[PDB]
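A quick write-up on the structure given underneath.
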Amino acid sequence: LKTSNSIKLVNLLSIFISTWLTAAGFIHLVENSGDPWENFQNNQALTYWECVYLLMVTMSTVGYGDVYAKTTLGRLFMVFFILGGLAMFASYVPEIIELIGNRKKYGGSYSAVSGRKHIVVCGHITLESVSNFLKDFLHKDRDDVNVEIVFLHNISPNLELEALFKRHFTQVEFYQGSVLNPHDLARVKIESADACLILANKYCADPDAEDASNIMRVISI
Amino acid sequence: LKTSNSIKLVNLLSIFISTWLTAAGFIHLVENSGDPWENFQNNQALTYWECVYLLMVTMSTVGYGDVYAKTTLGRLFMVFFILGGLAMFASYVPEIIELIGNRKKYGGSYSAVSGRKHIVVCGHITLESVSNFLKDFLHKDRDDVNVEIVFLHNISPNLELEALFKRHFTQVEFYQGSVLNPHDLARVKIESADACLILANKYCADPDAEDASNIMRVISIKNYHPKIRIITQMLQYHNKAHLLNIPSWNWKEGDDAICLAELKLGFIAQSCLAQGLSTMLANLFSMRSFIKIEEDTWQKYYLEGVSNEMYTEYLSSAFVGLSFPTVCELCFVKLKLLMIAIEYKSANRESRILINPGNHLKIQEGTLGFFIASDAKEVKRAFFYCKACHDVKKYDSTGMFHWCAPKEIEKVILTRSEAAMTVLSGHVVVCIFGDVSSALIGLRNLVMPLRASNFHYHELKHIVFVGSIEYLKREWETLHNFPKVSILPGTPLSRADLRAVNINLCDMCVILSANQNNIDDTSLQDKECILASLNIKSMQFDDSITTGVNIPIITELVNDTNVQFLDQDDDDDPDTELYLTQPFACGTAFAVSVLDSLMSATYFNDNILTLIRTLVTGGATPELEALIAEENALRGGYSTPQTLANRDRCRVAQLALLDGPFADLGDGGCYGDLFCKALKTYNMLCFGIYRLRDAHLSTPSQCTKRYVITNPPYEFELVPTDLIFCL
Amino acid sequence: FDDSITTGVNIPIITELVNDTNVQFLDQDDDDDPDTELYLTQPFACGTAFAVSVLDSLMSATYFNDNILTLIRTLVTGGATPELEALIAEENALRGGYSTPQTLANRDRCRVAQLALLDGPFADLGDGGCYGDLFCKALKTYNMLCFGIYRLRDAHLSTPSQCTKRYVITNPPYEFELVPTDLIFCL
């Protein structure tokens, strides 16, 4: 089918409408029925797609007198959807935020432009590790070879680091993922890159293992 | 009443209704009392059930204009009820926590279906310790016995692990609770289960405080039902002797505990004798997915040898009186089954297991036949074979090993110059990491199969522990009774150490790490072994590279994704699982996680974990394992001529088809001629070929990587580059 | 063990326990009921497990009598007087002395021991009689305050086995039958 933002959204949507559409499915049986102290005279001769347009409005806590709820069942059909959402709304919040939080936001491949030859700056990317690097690489006094920087790290950046990324909007791409995972090396196009610059954490605790960790990132490439 | 899932419903429905009815009485009296700017009159009598709709519309925050009820006092209590509703949701928003979290069965009981039986897999339940077990127990090539799996743990399951449980929904259950409660053993119903398995936390901090914890779970179960079969993973060897102390523990009934430092360091110790036995054996107890590759050549010959498994079946009455080499010929020529070992009934309480005996034995009625086959159907045809229609001196006191006088540590601490003096051709180098904070790998289990008394004293491989002395002095009180053991201090990352050991003239460079099994990551904890492997595979040597890359090494791995980094010829994305990769198929990378499929293979056939113990540890009779458990390391005897019959059971080695009386068959002859003539003349079992990767004509190179094929047919044309796994 | 199970389970062992609920693991021939609290278990009443939580009830007994802890500190710790505790207030160790006849006079207090009802002065009372008569014979003749019995678990006497797990009975009545295998707590 469609992308992974849509595939995971299938079972999240198919369960939601099924409880929703059934709730007005009891309105339609009672809208022909009416009050229990009557001769089974209908509440309204309207159809089912009328109430679809009305119960969805009352479910989002709106008045106006949408559904004519005269029946004692219709008096209690408004009780139905409240726990129908409350026993479900604790399961929608950490995913819709993840839906917009990863709308292939920092995922996605690299558009291998024929003009843009590119480098892959991986390793310990922080604010101070890159602010010294973008000054003396992306400098306007160079005879500017069409060389693009494609960062690659397993940690989503700070917005202050994105503030440096946003000002260099045309010469920086940041991606998620580490170079220890060979799916991410294809995503970042090592096969048509020029150089893969591995920055290092200068202020670690055990520098005999930190640069030994960099050799693992060397071997994986 | 019931528990707090029902008590808190009683706690709230008394709170809500007592105001829900009190609100219903407000409006009806307000419809009788009046309203001061409504001319002080109100004579309505809308009764109690109608007032809910007049007030929950004001409570659902909808406020419809369909309702005409616009009076002053009804606006006033709805101010008081919305301010009153906040006290209710101050308690009820906490009460949604015990509603969505207690909609699970995790705390309920198991419904014992009479039509089948179940097992209980408790202990240590994570993703990788369970996902590696469910694949090889709930396998589609299994004869689908309805044997359900009832997990039991005092930790709420990972939602990705629950996603694995949703895959296997028809068999797998989970239940909250420990195994140290006789009520939690009553919900899971181990009074009618068939087995109760114990997993282990292999990557723990203290392997003694974790392994003693697994014996408390053993004591707790056997109190509750002292007939149940249990299967336990251990982490050390020295403290699986505590399981003998439990009086219900009868290993003759199925209670077999799986040591992991005995089998890991035993499969590596057999690969120092014939390289590939760490993956020759580790394919013989896993239900491997028999996919068929067609175009390739080193993977097509391999995957026909990955679907072969050890099966047991009783010998028929026709074999009685026949010698062992006549039987294996009659099984391989006629039945097309390889038969590796028998179960000789010396006593019903003392029945030894015998791999490949000579002409000394004859088949008794009631000896069990250990076969190797691809199908459970074909192994039954041995029970239906008939001739009618189917046709001073220092060894151990036990005498299984070698033994010497106890030596001090400083007697064998070699320098770099001393190791350059002695010449060490064809030996075993062991690389050891760890300071003092690293837990003790059980290095007695590495040395003991290399000191089995099948070997003459001139044919013992010399063993050099290139490690650190503040680690290796901790190990040394278990090792100091063996011959020909040396220790060179200094890191195995250093080349000047490894040139002193003459690692070019080696037979196996075992790389072991004893460090913390969580240093930083799940992907950065093998950096000490990959850099020690890649160090040796780039060295230069004199001609007087000699092999350079072709030094045969073997490497344990904490993870399994790190198998990519050992060779530079891989084509491996990080979901090509561990048996298909080249460093595992060639026999140079033994991860521990291929022994997680052993306890699924032990449950279905009891004589599967005992067939590998004796093949792999060499000796390891329970009469000898008790004596090591008594006081100390081994003790010496004075070589009586019945303990010298404990020698020469079976040597395990490989040999070449380049010379000897087999090269006339080893150039173009069929493999089925080679197997029959070895038993007929020299009485050794040819159970596998160690095939070079480029024996197929593929632009002839210097790639000396040899892969392992298990039990090739009577067909299958040889190549003179081959090596044969013999006994 | 060999003279050259065979005296392997008859080794007397006492074990302190941190958790009370682990007490059923100490025996394999016990009823494994979980709700049976710590004094109703078998390895406690035999006297082979001493949990720490059994002293939590000593807070309650000390509020209602000052004189409980005044006694069971004397009975247990050799009779440590506050005159000695003032010497340990100076806190090195016990300080030595040269045994004056007042120093040596602090010996005639009561030792604690068990007595076997075999091959001695009490073989007459061993086969039958009552405990309340053994109490009078010990106290008059020997000044041994008999204090409680330590009876084998097979008191029904069908002689089925050789288990020696003896349980303890505090203050049995005057008319209480004895068997010749009991051990009596005395002073």
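Ligands are numbered from 1 in the order shown, residues from 1 within each chain, and chains are lettered A, B, ... in the order they appear in the structure tokens.
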
Quick check: residues of chain B within 12 Å of chain C, only C-alpha atoms, returned as a JSON list (two decimals) with N, CA, C and O atoms, in the first residue's frame.
[["chain", "number", "residue", "atom", "x", "y", "z"],
["B", 180, "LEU", "N", 8.74, -18.69, 43.13],
["B", 180, "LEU", "CA", 9.03, -18.94, 44.53],
["B", 180, "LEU", "C", 7.79, -18.80, 45.39],
["B", 180, "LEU", "O", 7.90, -18.61, 46.61],
["B", 181, "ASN", "N", 6.61, -18.86, 44.78],
["B", 181, "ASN", "CA", 5.33, -18.80, 45.48],
["B", 181, "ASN", "C", 4.56, -20.05, 45.10],
["B", 181, "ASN", "O", 4.33, -20.29, 43.90],
["B", 182, "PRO", "N", 4.13, -20.87, 46.06],
["B", 182, "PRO", "CA", 3.34, -22.06, 45.71],
["B", 182, "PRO", "C", 1.97, -21.75, 45.15],
["B", 182, "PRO", "O", 1.32, -22.66, 44.61],
["B", 183, "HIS", "N", 1.49, -20.52, 45.27],
["B", 183, "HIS", "CA", 0.27, -20.13, 44.57],
["B", 183, "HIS", "C", 0.54, -19.78, 43.12],
["B", 183, "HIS", "O", -0.29, -20.06, 42.25],
["B", 184, "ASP", "N", 1.69, -19.17, 42.84],
["B", 184, "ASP", "CA", 2.06, -18.89, 41.47],
["B", 184, "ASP", "C", 2.52, -20.14, 40.73],
["B", 184, "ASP", "O", 2.61, -20.12, 39.50],
["B", 185, "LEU", "N", 2.82, -21.21, 41.45],
["B", 185, "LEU", "CA", 2.99, -22.51, 40.82],
["B", 185, "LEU", "C", 1.68, -23.26, 40.72],
["B", 185, "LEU", "O", 1.63, -24.33, 40.11],
["B", 215, "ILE", "N", 19.23, -22.01, 41.23],
["B", 215, "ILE", "CA", 19.02, -23.24, 41.98],
["B", 215, "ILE", "C", 17.90, -23.06, 42.99],
["B", 215, "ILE", "O", 17.19, -24.03, 43.29],
["B", 216, "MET", "N", 17.68, -21.84, 43.47],
["B", 216, "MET", "CA", 16.53, -21.56, 44.32],
["B", 216, "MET", "C", 15.23, -21.79, 43.57],
["B", 216, "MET", "O", 14.25, -22.29, 44.15],
["B", 217, "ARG", "N", 15.21, -21.47, 42.28],
["B", 217, "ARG", "CA", 14.05, -21.77, 41.46],
["B", 217, "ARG", "C", 13.91, -23.26, 41.25],
["B", 217, "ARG", "O", 12.80, -23.75, 41.07],
["B", 218, "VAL", "N", 15.01, -24.01, 41.29],
["B", 218, "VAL", "CA", 14.92, -25.45, 41.18],
["B", 218, "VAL", "C", 14.36, -26.05, 42.46],
["B", 218, "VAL", "O", 13.49, -26.92, 42.42],
["B", 219, "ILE", "N", 14.82, -25.56, 43.61],
["B", 219, "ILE", "CA", 14.35, -26.07, 44.90],
["B", 219, "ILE", "C", 12.87, -25.77, 45.09],
["B", 219, "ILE", "O", 12.11, -26.61, 45.59],
["B", 220, "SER", "N", 12.44, -24.60, 44.63],
["B", 220, "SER", "CA", 11.05, -24.19, 44.80],
["B", 220, "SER", "C", 10.10, -25.05, 43.98],
["B", 220, "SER", "O", 9.00, -25.36, 44.44],
["B", 221, "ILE", "N", 10.51, -25.44, 42.77],
["B", 221, "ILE", "CA", 9.64, -26.26, 41.94],
["B", 221, "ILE", "C", 9.56, -27.68, 42.48],
["B", 221, "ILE", "O", 8.47, -28.24, 42.62],
["B", 222, "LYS", "N", 10.71, -28.26, 42.82],
["B", 222, "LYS", "CA", 10.72, -29.66, 43.21],
["B", 222, "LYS", "C", 10.08, -29.90, 44.57],
["B", 222, "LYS", "O", 9.71, -31.03, 44.87],
["B", 223, "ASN", "N", 9.92, -28.85, 45.39],
["B", 223, "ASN", "CA", 9.06, -28.98, 46.56],
["B", 223, "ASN", "C", 7.61, -29.12, 46.16],
["B", 223, "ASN", "O", 6.86, -29.88, 46.77],
["B", 224, "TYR", "N", 7.19, -28.38, 45.14],
["B", 224, "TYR", "CA", 5.78, -28.31, 44.79],
["B", 224, "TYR", "C", 5.31, -29.58, 44.09],
["B", 224, "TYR", "O", 4.16, -29.98, 44.27],
["B", 225, "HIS", "N", 6.18, -30.22, 43.32],
["B", 225, "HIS", "CA", 5.84, -31.46, 42.64],
["B", 225, "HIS", "C", 7.11, -32.24, 42.34],
["B", 225, "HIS", "O", 7.72, -32.03, 41.28],
["B", 226, "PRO", "N", 7.53, -33.15, 43.21],
["B", 226, "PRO", "CA", 8.84, -33.79, 43.04],
["B", 226, "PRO", "C", 8.85, -34.96, 42.07],
["B", 226, "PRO", "O", 9.43, -36.00, 42.37],
["B", 245, "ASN", "N", 22.69, -32.15, 44.97],
["B", 245, "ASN", "CA", 22.37, -32.19, 46.38],
["B", 245, "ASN", "C", 20.88, -32.23, 46.65],
["B", 245, "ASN", "O", 20.46, -32.61, 47.74],
["B", 246, "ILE", "N", 20.06, -31.85, 45.68],
["B", 246, "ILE", "CA", 18.61, -31.88, 45.84],
["B", 246, "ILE", "C", 18.13, -33.32, 45.69],
["B", 246, "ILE", "O", 18.46, -33.98, 44.69],
["B", 247, "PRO", "N", 17.37, -33.86, 46.65],
["B", 247, "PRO", "CA", 17.04, -35.29, 46.61],
["B", 247, "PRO", "C", 16.03, -35.65, 45.54],
["B", 247, "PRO", "O", 16.00, -36.81, 45.12],
["B", 248, "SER", "N", 15.21, -34.71, 45.09],
["B", 248, "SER", "CA", 14.28, -35.02, 44.02],
["B", 248, "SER", "C", 14.94, -35.07, 42.66],
["B", 248, "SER", "O", 14.41, -35.70, 41.75],
["B", 249, "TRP", "N", 16.10, -34.42, 42.51],
["B", 249, "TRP", "CA", 16.82, -34.30, 41.24],
["B", 249, "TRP", "C", 17.33, -35.65, 40.81],
["B", 249, "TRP", "O", 18.31, -36.16, 41.34],
["B", 630, "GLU", "N", 34.02, -32.93, 44.64],
["B", 630, "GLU", "CA", 34.28, -33.26, 46.04],
["B", 630, "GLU", "C", 35.17, -32.23, 46.70],
["B", 630, "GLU", "O", 34.74, -31.53, 47.62]]

Residues of chain A within 8 Å of chain B: nearest atom pair and distance (Å, one decimal) for each, counting only C-alpha atoms, sorted by chain and number, as a tab-separated table?
residue	atom	partner	partner_atom	distance
A:58	CA	B:62	CA	6.8
A:61	CA	B:62	CA	4.7
A:62	CA	B:62	CA	4.7
A:63	CA	B:64	CA	4.0
A:64	CA	B:64	CA	4.9
A:65	CA	B:66	CA	4.4
A:66	CA	B:64	CA	7.5
A:68	CA	B:66	CA	7.4
A:72	CA	B:50	CA	7.6
A:75	CA	B:53	CA	5.4
A:76	CA	B:53	CA	7.6
A:87	CA	B:100	CA	7.6
A:180	CA	B:523	CA	7.6
A:181	CA	B:574	CA	7.2
A:182	CA	B:573	CA	6.5
A:183	CA	B:573	CA	7.4
A:212	CA	B:527	CA	6.9
A:213	CA	B:524	CA	6.9
A:216	CA	B:527	CA	6.8
A:219	CA	B:565	CA	7.0
A:220	CA	B:565	CA	7.1

Near region 155-167 of chain C, counting only C-alpha atoms, which residues have an atom at most 9 Å away, once you skip same-chain residues fewer than 5 positions from it, shown as a CSV table (one decimal) with C-alpha atoms, in the first residue's frame?
chain,number,residue,atom,x,y,z
C,9,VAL,CA,21.8,-35.7,57.4
C,10,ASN,CA,22.2,-36.1,61.1
C,42,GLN,CA,9.0,-28.0,60.7
C,43,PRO,CA,12.7,-26.7,60.6
C,44,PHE,CA,11.8,-24.0,63.1
C,45,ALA,CA,10.1,-26.2,65.7
C,46,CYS,CA,13.0,-28.6,65.3
C,47,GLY,CA,15.3,-25.7,66.1
C,149,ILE,CA,11.7,-31.9,76.5
C,150,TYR,CA,13.2,-32.4,73.0
C,179,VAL,CA,9.6,-42.2,76.0
C,182,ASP,CA,13.7,-37.9,74.8
C,183,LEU,CA,16.3,-35.3,75.6

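Our summary of the geometry notes that CA of residue 373 (chain B) is positioned 16.4 Å from CA of residue 716 (chain B).
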
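When the distance limit is 6 Å and only C-alpha atoms are what count, the residues near region 437-453 of chain B, minus those fewer than 3 positions from it on the same chain, are residues 261, 262, 265, 266, 269, 400, 401, 402, 434, 479, 514, 515, 617, 618 and 647 of chain B.
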
Serialized selection, N, CA and C atoms, as a compact mmCIF listing (two decimals), in the first residue's frame:
# COMPACT_ATOMS: atom_id res chain seq x y z
N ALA B 261 29.28 -22.76 30.26
CA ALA B 261 30.73 -22.65 30.19
C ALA B 261 31.40 -23.99 29.96
N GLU B 262 30.66 -25.08 30.02
CA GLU B 262 31.19 -26.39 29.66
C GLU B 262 31.02 -26.68 28.19
N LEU B 265 33.09 -23.63 25.87
CA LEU B 265 34.51 -23.93 25.91
C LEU B 265 34.81 -25.38 25.62
N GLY B 266 33.81 -26.17 25.27
CA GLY B 266 34.06 -27.51 24.80
C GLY B 266 33.98 -27.55 23.29
N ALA B 269 37.12 -26.13 22.20
CA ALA B 269 38.22 -27.05 22.42
C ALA B 269 38.21 -28.22 21.45
N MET B 400 40.75 -41.00 32.76
CA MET B 400 40.21 -40.46 31.53
C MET B 400 41.07 -39.37 30.92
N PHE B 401 41.91 -38.72 31.72
CA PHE B 401 42.63 -37.53 31.29
C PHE B 401 44.13 -37.70 31.49
N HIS B 402 44.87 -36.61 31.38
CA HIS B 402 46.26 -36.56 31.80
C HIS B 402 46.38 -35.72 33.06
N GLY B 434 40.65 -9.21 30.28
CA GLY B 434 40.04 -9.10 31.59
C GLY B 434 41.02 -8.75 32.70
N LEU B 479 43.84 -24.91 36.98
CA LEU B 479 44.58 -25.35 35.81
C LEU B 479 45.89 -26.04 36.11
N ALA B 514 36.53 -12.06 28.68
CA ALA B 514 35.82 -12.29 29.93
C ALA B 514 35.22 -11.03 30.50
N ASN B 515 35.20 -9.94 29.74
CA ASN B 515 34.86 -8.63 30.28
C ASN B 515 33.37 -8.51 30.59
N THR B 617 33.23 -33.00 25.86
CA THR B 617 34.12 -32.91 27.01
C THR B 617 35.15 -34.03 26.99
N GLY B 618 34.93 -35.05 26.17
CA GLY B 618 35.85 -36.15 26.09
C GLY B 618 35.47 -37.24 27.06
N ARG B 647 41.49 -45.38 28.45
CA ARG B 647 42.08 -44.79 27.27
C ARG B 647 41.54 -45.47 26.02

Worksheet item: Among region 64-147 of chain A, which residues carry a DSSP assignment of helix (DSSP H, G or I), reported as a ChimeraX atom specification?
Response: /A:72-77,80-86,89-91,93-101,127-131

Worksheet entry | DSSP strand (DSSP E) residues within region 569-663 of chain B, listed as a list in words |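 Matching residues, listed in order: residues 589, 590, 591, 636, 637, 653, 654, 655 and 656 of chain B.
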
Worksheet item: CA of residue 605 (chain B) and CA of residue 285 (chain B) are how many Å apart?
Response: 10.3 Å

Discussion item. As a PyMOL selection string, please: the residues near residue 81 (chain C) (cut-off 12 Å, only C-alpha atoms, same-chain neighbours under 6 positions excluded).
Written reply: chain C and resi 70-71+73-75+87-88+106

Worksheet item: If you count only C-alpha atoms, which residues fall within 8 Å of region 406-417 of chain B, apart from same-chain ones fewer than 4 positions away, as a PyMOL selection string?
Response: chain B and resi 421+473+476+480-481+485-489+497+500

Write out as a short mmCIF file (atom, residue, chain, number, x, y, z; two decimals) with N, CA and C atoms, in the first residue's frame each polymer residue whose atoms come within 12 Å of region 56-58 of chain C, counting only C-alpha atoms; drop sequence neighbours fewer than 2 positions from it.
data_model
loop_
_atom_site.label_atom_id
_atom_site.label_comp_id
_atom_site.auth_asym_id
_atom_site.auth_seq_id
_atom_site.Cartn_x
_atom_site.Cartn_y
_atom_site.Cartn_z
N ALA C 51 15.19 -17.26 62.38
CA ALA C 51 15.02 -16.01 61.66
C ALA C 51 15.25 -14.83 62.59
N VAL C 52 15.44 -13.66 61.99
CA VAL C 52 15.71 -12.48 62.79
C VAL C 52 14.41 -11.87 63.28
N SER C 53 13.33 -12.05 62.52
CA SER C 53 12.06 -11.41 62.80
C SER C 53 11.35 -11.99 64.01
N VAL C 54 11.83 -13.09 64.58
CA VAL C 54 11.24 -13.61 65.81
C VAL C 54 11.59 -12.77 67.02
N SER C 60 7.21 -5.99 71.93
CA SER C 60 5.91 -6.01 72.58
C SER C 60 6.00 -6.55 74.00
N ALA C 61 6.80 -7.59 74.21
CA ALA C 61 6.93 -8.14 75.55
C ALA C 61 7.69 -7.23 76.48
N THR C 62 8.52 -6.34 75.96
CA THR C 62 9.30 -5.48 76.83
C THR C 62 8.49 -4.28 77.30
N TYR C 63 7.45 -3.90 76.55
CA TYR C 63 6.58 -2.83 77.01
C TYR C 63 5.71 -3.28 78.17
N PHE C 64 5.28 -4.54 78.18
CA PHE C 64 4.41 -5.00 79.24
C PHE C 64 5.16 -5.53 80.45
N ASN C 65 6.39 -5.97 80.27
CA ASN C 65 7.27 -6.21 81.41
C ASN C 65 8.64 -5.65 81.10
N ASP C 66 9.14 -4.82 82.00
CA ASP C 66 10.56 -4.48 82.00
C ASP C 66 11.41 -5.72 82.23
N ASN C 67 10.87 -6.72 82.91
CA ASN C 67 11.67 -7.81 83.41
C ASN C 67 11.83 -8.96 82.43
N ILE C 68 11.24 -8.89 81.23
CA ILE C 68 11.49 -9.92 80.23
C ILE C 68 12.91 -9.83 79.72
N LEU C 69 13.27 -8.68 79.15
CA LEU C 69 14.62 -8.48 78.63
C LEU C 69 15.67 -8.50 79.73
N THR C 70 15.26 -8.21 80.97
CA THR C 70 16.16 -8.35 82.11
C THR C 70 16.56 -9.80 82.32
N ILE C 72 16.12 -12.62 79.74
CA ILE C 72 16.66 -13.32 78.58
C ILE C 72 17.91 -12.69 78.02
N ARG C 73 18.39 -11.60 78.60
CA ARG C 73 19.76 -11.18 78.34
C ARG C 73 20.72 -11.87 79.28
#

Which region 28-113 of chain A residues have any atom within 10 Å of an atom of region 2-24 of chain A, and for each, what is the nearest pair of atoms with distance in Å to one decimal, counting only C-alpha atoms, rows sorted by chain and number, as CSV?
residue,atom,partner,partner_atom,distance
A:28,CA,A:24,CA,6.4
A:29,CA,A:24,CA,9.0
A:30,CA,A:24,CA,9.8
A:48,CA,A:24,CA,7.6
A:49,CA,A:24,CA,9.4
A:50,CA,A:24,CA,9.9
A:51,CA,A:24,CA,6.6
A:52,CA,A:24,CA,6.8
A:54,CA,A:24,CA,9.3
A:55,CA,A:24,CA,6.8
A:56,CA,A:20,CA,8.2
A:59,CA,A:20,CA,9.2
A:67,CA,A:24,CA,10.0
A:77,CA,A:23,CA,7.8
A:78,CA,A:23,CA,9.4
A:80,CA,A:23,CA,7.3
A:81,CA,A:23,CA,7.0
A:84,CA,A:19,CA,7.4
A:85,CA,A:16,CA,9.0
A:88,CA,A:16,CA,8.5
A:91,CA,A:12,CA,9.4
A:92,CA,A:12,CA,8.2
A:95,CA,A:9,CA,9.4
A:96,CA,A:9,CA,9.4
A:98,CA,A:5,CA,9.6
A:99,CA,A:5,CA,6.7
A:100,CA,A:5,CA,9.2
A:102,CA,A:5,CA,8.4
A:103,CA,A:5,CA,6.7
A:104,CA,A:5,CA,8.1
